[PDB]
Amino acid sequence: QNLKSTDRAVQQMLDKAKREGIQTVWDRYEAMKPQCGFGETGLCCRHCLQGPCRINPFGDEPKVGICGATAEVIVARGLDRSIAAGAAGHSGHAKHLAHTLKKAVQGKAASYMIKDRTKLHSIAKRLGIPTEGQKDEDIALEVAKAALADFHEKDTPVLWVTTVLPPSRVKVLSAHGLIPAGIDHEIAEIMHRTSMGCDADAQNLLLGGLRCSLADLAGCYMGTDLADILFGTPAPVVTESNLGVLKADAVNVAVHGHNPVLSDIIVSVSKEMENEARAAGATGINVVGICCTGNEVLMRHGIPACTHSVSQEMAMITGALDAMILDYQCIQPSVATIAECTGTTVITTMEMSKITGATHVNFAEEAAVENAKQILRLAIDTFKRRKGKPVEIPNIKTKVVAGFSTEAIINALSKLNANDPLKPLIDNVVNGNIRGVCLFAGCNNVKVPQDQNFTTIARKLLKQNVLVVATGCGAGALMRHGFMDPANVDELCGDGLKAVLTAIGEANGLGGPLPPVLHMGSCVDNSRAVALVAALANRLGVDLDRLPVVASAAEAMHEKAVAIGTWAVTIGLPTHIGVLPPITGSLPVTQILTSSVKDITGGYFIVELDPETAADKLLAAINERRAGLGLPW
């Protein structure tokens, strides 16, 4: 099973699924092989009813689409639609939060409130919304209105791009026409320009894609901002991860999907319902996280992470998962079928994301606590039904220190330099104790043995003194393999990095180091890494494409990960992707995305499926950036 996942708890559950005859994602992948090479290379188009069109990567006809679309057009159009789809998910998430903040401060959703007033005011200030003399609710109404306004054209560009990157970067982007006019505007324009008989120039299409990726960045940054306002900015927390966080004698409830609007209320209403659960024979309600909504409540509340991404069905296979509470994105719809075998109650909550066979409980922010109670009573009923059934929870977990929002990182560094917190970090980049920074982001992918690329790359970079930060299921992968346990710093980190993590942790009174990898949150909280990197660029007076900072979507899957990778390139980062995106069928598109975009944004994709080679390539990119700053490497 280690060919499927490197996570030992997942391996144990794959053995249980196998002997119980429960089909998993890996089994459905095997059943799909060999996969279509036209689709794998990007040389397939179904954009009109004259299709499907495909183009042989090599050989004879077909060489061109029926309408005359070339390989480079077809590849670029498909990629652009992926970016637009990713942007549509993160900005649906962000819009959900904007509407929740608005309802809350309009007195329409009393379960929600301004928790982080300081962040509310800083965001207002960043957007140019006056705060002096204003009620918090009015400031928040104006921030929510500004959030919603960024979805459409108006007399300013998308402010969750132009106000979150340094002016020099905005200028570069504007010079190439890449600043988004409106988040949903760009999504629609991508769908328009990529429809039949429209844009048919690869560079033009890909410039549109870069712009739409910044609409995705805006949605991510907006979602982090709004979720921090509503639910609190993360600070360092200690918890655990992997399936051993499930407890046979508790009602185990996973929150799964993405939006803390749902997850965060499940967490505190579950505390309220402890005696109800104890009346049912349980010790209490054990909320555990799956996927980004699990990252959200891990970061803010220390809720333990059960699993992530590709292995999400395995939590159900334990037999102890009483409920899986879903909102949207990245939920394998297989879970509704597996629930029939495992007894888990799968509950959908959002009208635009239902799964046949799952129970749907409309969640309305206006009724959040009551809706959460209904949902949790289904979970308790389910717990009662498995009274006396054996379960198989692997007794496998790791310790996870997390909660490293950018604010938390700055605060930690401020213990070393109170009025110039970034300087101790930059000092150690300059003296070589920190070689550079790498952000691990994005998914697992069934094509890659789960977590192998993240851990292989992260080990090599940590030994080379790279400061590693992670989000989403990259953070999930690293947490489940111990990379967020400070007890593993000696093993994992180069001496320079160890010295820095120790100096920071000791100054923060830990009696020990920060963990080897800093968990910066969910995938929208990639925006926190942008905030940190933009702050470093501003502090250094250079653009982001001069910083020794890279990104790696080492096991990417979702359209959202494609969008994040593309905005990472657009804001100036060398960006590794560890799975093949459907671009190999066009050399001109590949050359743009891996080479000539350097002349446009300074960032570039590094496509590399072999993780040791990817680590080398990421180190070379970091070291090239070091050299260009005149630093030793």
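Residue numbers here begin at 1 and follow the sequence given. We call the rigid core the largest set of C-alpha positions that still match within 1.5 Å between the two forms.
Comparing 259-267 with 234-242 in 5 other deposited structures of this protein, after superposition on the rigid core, the stretch with the greater RMS C-alpha deviation is 259-267. The mean Cα B-factor in the deposited entry runs higher for 407-415 than for the other of 289-297 and 407-415. Looking at mean Cα B-factors across 381-389 and 539-547, the upper value is held by 381-389. Annotation for 228, 186, 201, 274: 274 ranks highest, by Cα B-factor.
Between the residues 78, 482, 223, 281, it is 281 that shows the highest Cα B-factor in the PDB record. Residue 363: CA B factor in the highest third of modelled residues in this chain (values from the PDB entry). In this PDB entry, residue 588 carries a Cα temperature factor that places it within the middle third of its chain's modelled residues. Among the modelled residues of the chain, residue 40 sits in the middle third by CA temperature factor in this PDB entry. Residue 247: CA B factor lies in the highest third for its chain, per the PDB record. When all modelled residues of the chain are sorted by CA temperature factor, residue 569 is found within the lowest third.
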